[PDB]
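Chains as they are written, first to last, in the authors' numbering: chain D, 7 to 117, 133 to 297; chain w, 9 to 162, 174 to 201; chain v, 9 to 253; chain J, 6 to 174. Report on one structure; see the data block that follows.
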Amino acid sequence: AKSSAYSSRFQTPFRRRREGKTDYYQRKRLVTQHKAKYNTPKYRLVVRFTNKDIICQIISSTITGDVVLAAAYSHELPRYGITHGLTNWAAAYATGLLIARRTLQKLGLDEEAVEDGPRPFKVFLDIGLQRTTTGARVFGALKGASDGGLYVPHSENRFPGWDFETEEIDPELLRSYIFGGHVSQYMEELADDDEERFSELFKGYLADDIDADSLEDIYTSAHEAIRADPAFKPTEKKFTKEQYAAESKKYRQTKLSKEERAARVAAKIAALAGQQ
Amino acid sequence: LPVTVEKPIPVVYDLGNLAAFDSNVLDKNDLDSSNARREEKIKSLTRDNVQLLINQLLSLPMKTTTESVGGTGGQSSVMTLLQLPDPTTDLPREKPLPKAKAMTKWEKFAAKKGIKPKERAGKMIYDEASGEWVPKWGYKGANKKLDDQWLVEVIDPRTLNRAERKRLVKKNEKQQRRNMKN
Amino acid sequence: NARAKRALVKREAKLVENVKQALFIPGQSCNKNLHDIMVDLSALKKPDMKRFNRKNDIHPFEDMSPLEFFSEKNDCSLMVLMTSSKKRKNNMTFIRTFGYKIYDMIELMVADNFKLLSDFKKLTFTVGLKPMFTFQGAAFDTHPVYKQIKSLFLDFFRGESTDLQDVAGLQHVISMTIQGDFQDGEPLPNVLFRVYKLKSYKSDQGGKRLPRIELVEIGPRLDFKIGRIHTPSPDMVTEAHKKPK
Amino acid sequence: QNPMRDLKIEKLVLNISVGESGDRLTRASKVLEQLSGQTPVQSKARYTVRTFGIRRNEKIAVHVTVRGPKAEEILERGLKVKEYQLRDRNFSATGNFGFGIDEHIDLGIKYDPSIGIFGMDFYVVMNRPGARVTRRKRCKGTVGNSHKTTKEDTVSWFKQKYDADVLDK
RNA sequence: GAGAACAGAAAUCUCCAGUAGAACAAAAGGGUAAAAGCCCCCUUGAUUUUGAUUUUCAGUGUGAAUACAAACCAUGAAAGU
RNA sequence: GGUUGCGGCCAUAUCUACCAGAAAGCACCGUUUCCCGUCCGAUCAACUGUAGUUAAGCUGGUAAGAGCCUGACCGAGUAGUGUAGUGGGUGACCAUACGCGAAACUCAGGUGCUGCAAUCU
């Protein structure tokens with residue numbers, strides 16, 4: 007229970023602070039690109055780790071607030087064949103490939134930059150409120166972006182498979198990783214011992230019985246498919262805003278007008294404390 | 009599609025700040041408020057002016073750098089960039105010259121007394137009876153060499180060492196407060 | 009032991025100086041659209057700019073204590089205020105200092121034609137970057153206060169004066185074209201806050217080398233009426249227009 | 006309604022104080038290490054009280070935070086030896102309690118006087134489905150004012166599962 | 001404060017929380033709240049090469065240091081710092 | 001439009017209690033070899049929406065709720081500051097009069113809108 011001077015003098019945090027959606031402290035270290043060499047556009051990277059979602063985008067800083075130009079998702083997988091795992095490490099690497107292919111085709115180079138030349142980009146990452154470490158899906162997706170055609174400044178001390186005691190990159194473990202080693206290895210090392218955990222995981226993959234070899238065939242075919250087509254034609258948006266708002270607007274509360282609310286006050290003065 | 013405009017008073021450029029200045033004449037009400045063609049007309053006039061700008065500002069010297077990824081106070085390989093001259097105007101500074109000049113009664117000594125200021129070689133000096141390099145000042149070094157050993161062979176004289184050094188640095192501080200008052 | 013010492017040695021002077029910093033402390037009278045006014049109008053010198061939270065019953069042009077205090081204490085040189093009344097309605101202060109003192113105090117009557125950036129179709133931008141300026145009219149060089157407001161913008165919206173430059177972040181411009189001719193001793197033409205862009209196109213006679221530039225109008229299309237003007241010392245010119253050497 | 010909202014345990018933090026730093030501290034602590042597996046860390050005695058045998062940055066606090074199935078087991082033991090009945094007090098305003106058992110010898114091991122066999126105190130933590138907003142750094146958010154268990158709910162829970170009884174309110 | 005059997009007026013665990021009086025080589029109008037407020041890792045910095053101050057009796061195609069710039073430096077995944 | 005992500009401006013933006021949360025992002029919450037992290041799978045992390053999914057997450061109204069913005073020269077052309085004087089003048093000075101100029105209380109209005117990829121029966 008706060009006083010009058012307290013809450014009539016005190017201050018608020020920022021709106022975007024009220025949520026875990028921005029680390030303005032590093033946003034202020036990034037909005038400073040260097041920033042003292044000279045002007046050159048911003049190319050930043052946004053990753054958010056949500057359930058069922060793989061949100062990876064690239065913004066343009068504007069006074070209109072932002073215009074995120076590049077964006078990645080999870081639902082354009084059937085055209086590449088593999089469709090499952092809209093979150094996992096194969097997903098990270100795959101979307102790292104796919105964003106590369108789409109932004110490639112949208113620059114329109116492979117098969133204004135005034136007279137010189139192609140000028141390949143360098144897109145960085147603003148970390149967000151996910152902590153930075155090694156051995157995870159984030160830097161696998163980074164590998165995917167690189168081997169798709171992005172050029173990001175980084176070190177490999179983060180690439181899952183990185184040794185930090187004797188600084189050793191394991192290309193064998195990384196290759197197994199890439200073709201489905203850690204995940205399907207967990208599958209088989211759980212499966213030789215129990216089937217309940219094995220069934221709890223890979224909820225459809227248990228029904229299609231795709232072994233690491235076959236999902237690595239999936240890996241290869243999907244790799245070549247990403248390198249082939251960054252098509253990404255979205256939903257037609259059947260039942261447009263009108264019908265979407267028929268759903269999202271059939272059971273919403275709107276404002277109670279001043280006449281009605283003053284009549285509620287009239288109830289308050291007639292029956293509540295107006296002597297029953 | 010054109011490139012050359014007519015300036016009855018040909019315009020000037022000032023490129024360290026990317027500016028152009030025209031000294032032509034304008035009719036009184038050509039740009040007035042009550043215009044609803046204010047947008048089109050003034051925007052077309054400055055359109056001609058910035059046409060002049062972009063026709064002017066492209067055949068300048070550049071600076072190609074043959075270095076690749078890792079240019080510390082510079083660029084990568086892929087680009088080639090445009091430079092800026094100094095503008096013909098003196099914009100307002102923020103201060104006078106950030107000067108610092110004095111005598112401190114020691115500079116007069118350096119000049120009149122034939123004393124060349126020392127060369128500040130280094131710090132890690134060699135102390136015998138040790139077998140190592142330990143700095144003249146920087147790790148309990150040649151400064152603190154009496155508050156360490158076990159017996160001195162001359174009221175403990177170690178504390179006296181420390182208090183003497185305190186008087187010394189205080190004399191330093193007094194002759195520094197003088198110099199910074201003057 | 010060195011934080012407010014790195015900050016302090018920044019606050020200290022320079023020879024080839026940095027950018028200059030701005031100060032926006034609201035006066036005793038503001039409005040919501042004035043909050044909008046400040047953001048939309050100074051919307052480029054973000055980051056390097058200062059805003060405040062509260063109000064001041066202040067007279068800028070008579071004494072020069074209070075804002076001098078604030079500016080010395082915040083390490084800046086570009087004081088701004090929006091001073092309102094019945095007669096001097098919308099007589100804002102756009103004043104530059106010099107050495108924590110003040111050089112000349114400028115107050116512009118800000119006109120009632122406020123057209124914000126949302127007054128037209130929204131667009132993109134590269135925030136904070138260094139703009140271009142164009143100045144048409146011989147009055148911009150023969151009219152002393154037009155020269156003053158000219159250089160005021162020319163040192164406020166100047167940015168980091170760095171040699172190396174690239175076409176990419178070279179997009180935006182101010183259009184300065186005074187509201188017609190003049191003569192000395194009569195009601196004056198007004199200035200036009202005209203924020204525009206430069207968009208590249210083949211000239212069919214300039215072609216690959218020379219483009220054809222088209223500007224788009226989005227705002228914030230504002231206007232400026234002159235206000236109250238100071239005229240400082242000539243020793244100020246002696247200290248202000250020199251070389252480090 | 007309770008579709009999913011329960012009061013599972015989060016962690017059991019022990020609270021042991023010593024009026025001296027030495028082999029006694031380390032003896033009870035090695036006992037803690039065999040009890041838990043996670044080495045009982047040392048926390049600083051905040052500053053001196055001079056009446057109790059404590060000074061500044063002394064490292065005299067030793068607490069263990071037990072979780073996992075071992076937690077259910079240690080609670081079943083640490084109530085069974087309490088006869089499944091605790092005293093009137095210690096019900097937290099959060100839905101928990103901190104209670105101690107005299108002479109932990111009473112369960113299992115023998116004495117061995119020269120290893121540290123003393124009285125201890127536990128403090129339990131509960132949780133509600135929806136209260137994981139504190140733990141996750143991102144999505145930093147609030148909880149309902151009624152969706153949080155309190156003194157009334159910890160009396161309810163001391164009545165609830167584990168079937169404990171209260172020794173005269 | 002609600003809690004807090006050995007242990008209590010100041011011994012250890014939560015909660016509401018004090019938007020702070022967070023704690024600042026402070027004094028600020030203010031002011032950093034993923035912090036300048038703690039501890040866990042990492043390391044050298046009194047580097048060298050060049051224009052202005054001068055400047056030496058081998059008056060050393062600049063030897064001395066000052067300021068400025070780079071080149072490297074440590075960190076980090078990272079733009080950065 | 002719900003919102004996913006970023007925001008622009010930072011209480012109309014929060015705190016205090018419900019109800020709705022019907023779609024889908026949205027979360028709650030189950031498992032633990034290898035990457036892994038510490039006193040611990042407390043946080044991260046190998047899995048899908050997996051087991052539980054509307055109770056918090058989260059928007060809204062619901063309340064003259066508390067707290068905050070605009071305007072009524074509304075006070076207010078207020079006092080006052082230099083602008084005429086042997087006006088006023090024993091003295092703590094007030095005027096006419098012109099440059100400018102109120103402020104608060106006061107009287108009411110309101111408690112968040114935009115942009116880009118996305119999914120909706």
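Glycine residues also receive a C-beta, built at the ideal position from the N, C-alpha and C atoms.
- Query: With contact counted as at least three CB pairs below 8 Å, one residue from each stretch, are the region 81-92 of chain D and the region 146-157 of chain v in contact?
  - Reply: Counting C-beta pairs with one atom in each stretch, the region 81-92 of chain D and the region 146-157 of chain v have fewer than three that are closer than 8 Å, which means they do not touch.
- How is residue 27 of chain v classed by DSSP in three states: helix, strand or coil? Coil.
- Item | residue 22 of chain w: first and last residue of the uninterrupted beta strand (DSSP E) it sits in | Secondary structure note for residue 22 of chain w: its beta strand (DSSP E) is the uninterrupted segment 20-22.
- Contact belief for residue 155 of chain D with residue 183 of chain D at Cβ below 8 Å, rounded distance in angstroms: Right, the Cβ-Cβ distance comes to about 5 Å (below 8 Å), so this counts as a contact.
- Reference residue 62 of chain v; option with closest CA among v:43, v:56 and v:73: When only C-alpha atoms are compared, the closest one is v:43.
- Message: Starting from residue 162 of chain J, trace the alpha helix (DSSP H) in both directions and tell me its first and last residue.
- Response: Going by DSSP, residue 162 of chain J is part of the alpha helix (DSSP H) stretching over 156-164.
- Going along chain w in order, which residues have a C-beta closer than 7 Å to the C-beta of residue 137 of chain D? Under the 7 Å cutoff, chain w gives 88.
- Name the chain D residues whose beta carbon is nearer than 7 Å to that of residue 128 of chain v? Around residue 128 of chain v, no beta-carbon contact reaches into chain D at under 7 Å, the shortest distance being about 12 Å.
- Task: Please determine if the region 230-243 of chain v and the region 111-122 of chain v are in contact, where contact requires at least 3 C-beta pairs separated by less than 8 Å.
- Result: Yes, the region 230-243 of chain v is in contact with the region 111-122 of chain v.
- Query: Relative to the alpha-carbon of residue 66 of chain J, which residue among J:25, J:170, J:110 and J:100 has its alpha-carbon at the smallest distance?
  - Reply: Checked all of J:25, J:170, J:110 and J:100; the closest Cα to residue 66 of chain J is J:25.
- Item | Partner residues on chain w for residue 255 of chain D, Cβ-Cβ distance less than 7 Å | Neighbours of residue 255 of chain D on chain w: none; closest Cβ ~32 Å, over 7 Å.
- Task: Run through the region 149-218 of chain D for me and flag every whole beta strand (DSSP E) of 3 or more residues, listed as ranges in chain order.
- Result: Within the region 149-218 of chain D, not a single complete beta strand (DSSP E) segment reaches 3 residues in length.
- Message: Which residue wins for smallest C-alpha separation from residue 251 of chain D, given the options D:227, D:103, D:90 and D:289?
- Response: Ranking D:227, D:103, D:90 and D:289 by Cα distance to residue 251 of chain D puts D:103 first.
- Of the listed residues w:158, w:198 and w:61, nearest to residue 218 of chain v (C-alpha basis): Nearest to residue 218 of chain v by C-alpha distance, out of w:158, w:198 and w:61, is w:61.
- Message: Tell me the rounded alpha-carbon separation between residue 80 of chain v and residue 46 of chain J.
- Response: In a straight line, the C-alpha of residue 80 of chain v is about 51 Å away from that of residue 46 of chain J.
- Using three-state DSSP, classify residue 17 of chain D as helix, strand or coil. When DSSP states are grouped into helix, strand and coil, residue 17 of chain D belongs to the coil group.
- Query: For chain w, is any of its Cβ atoms less than 8 Å away from the one on residue 28 of chain v?
  - Reply: The Cβ of residue 28 of chain v sits closer than 8 Å to at least one Cβ of chain w.
- Item | Inter-residue Cα distance where the pair is residue 44 of chain J and residue 35 of chain D | Taking the CA atoms as reference points, residue 44 of chain J sits about 40 Å from residue 35 of chain D.
- Task: Kindly indicate which three-state DSSP category residue 26 of chain D falls into: helix, strand or coil?
- Result: Here residue 26 of chain D sits in coil by DSSP.
- Task: Give the C-beta separation of residue 64 of chain w and residue 221 of chain v to the nearest angstrom, bearing in mind that I take them to be a contact with Cβ-Cβ under 8 Å.
- Result: Contact doesn't hold; Cβ gap of about 11 Å is too wide.
- Measure the C-alpha to C-alpha separation of residue 266 of chain D and residue 157 of chain J and round it to an integer number of angstroms. Taking the straight line from one Cα to the other gives about 44 Å.
- Go through the region 201-231 of chain v residue by residue and report every complete run of the beta strand (DSSP E) that reaches 3 residues or more, in order. Taking only runs of at least 3 residues, the beta strand (DSSP E) segments lying wholly in the region 201-231 of chain v are 203-205.
- Item | Bounding residues of the alpha helix (DSSP H) (the contiguous stretch that carries residue 43 of chain v) | Judged by DSSP secondary structure, residue 43 of chain v falls within the alpha helix (DSSP H) whose first and last residues are 40-49.
- Count the other C-beta atoms from every protein chain shown that fall within 10 angstroms of the C-beta of residue 136 of chain v, then say buried if there are 16 or more, exposed otherwise. Residue burial is scored here from C-beta neighbours: residue 136 of chain v has at least 16 other C-beta atoms within 10 angstroms and is therefore classed as buried.
- DSSP three-state call for residue 111 of chain v: helix, strand or coil? Three-state result, residue 111 of chain v: strand.
- Item | Contact set for residue 76 of chain D: own chain, Cβ-Cβ below 7 Å, skip 5 residues either direction | Contacts found: 63, 64, 105 and 109.
- Task: Below 8 Å between beta carbons is the criterion; list the residues of the region 132-143 of chain v that meet it against any residue of chain D, in chain order.
- Result: Contact annotation: in the region 132-143 of chain v, residues whose CB is within less than 8 Å of a CB in chain D are 132, 133, 134, 135, 136, 137 and 138.
- Message: Using a Cβ distance threshold of 8 Å, determine whether the region 13-26 of chain w contacts the region 274-294 of chain D, with at least three qualifying pairs required.
- Response: Touching, no.
- Could you tell me whether the Cβ of residue 148 of chain w comes closer than 8 Å to any Cβ of chain v? Not one chain v Cβ lies under 8 Å of residue 148 of chain w.
- Message: Checking 8 Å against the spacing of the C-beta atoms, do residue 130 of chain J and residue 14 of chain J come in under that value?
- Response: Their beta carbons are under 8 Å apart, which means residue 130 of chain J touches residue 14 of chain J by this criterion.
- Query: Applying a beta-carbon distance threshold of less than 7 Å, which residues of chain v neighbour residue 133 of chain D?
  - Reply: Chain v residues near residue 133 of chain D: 208.
- Message: Buried or exposed, going by whether 16 or more other CB atoms sit within 10 Å of the CB of residue 125 of chain v?
- Response: Burial call: buried.
- Item | Member of v:242, v:231 and v:203 whose CA lies at the smallest distance from the CA of residue 224 of chain v | Nearest C-alpha to residue 224 of chain v: v:203.
- Message: Check for me: the alpha helix (DSSP H) holding residue 123 of chain D runs from which residue to which?
- Response: Here chain D breaks off after 117 and picks up again at 133, leaving residue 123 of chain D without coordinates.
- Please confirm whether residue 141 of chain v and residue 184 of chain v have their CB atoms less than 8 Å apart. Result yes, Cβ atoms of residue 141 of chain v and residue 184 of chain v sit closer than 8 Å.
- Among v:178, v:245, v:229 and v:197, nearest to residue 38 of chain w - alpha-carbon criterion: When the alpha-carbon of residue 38 of chain w is set against those of v:178, v:245, v:229 and v:197, the nearest one is in v:197.
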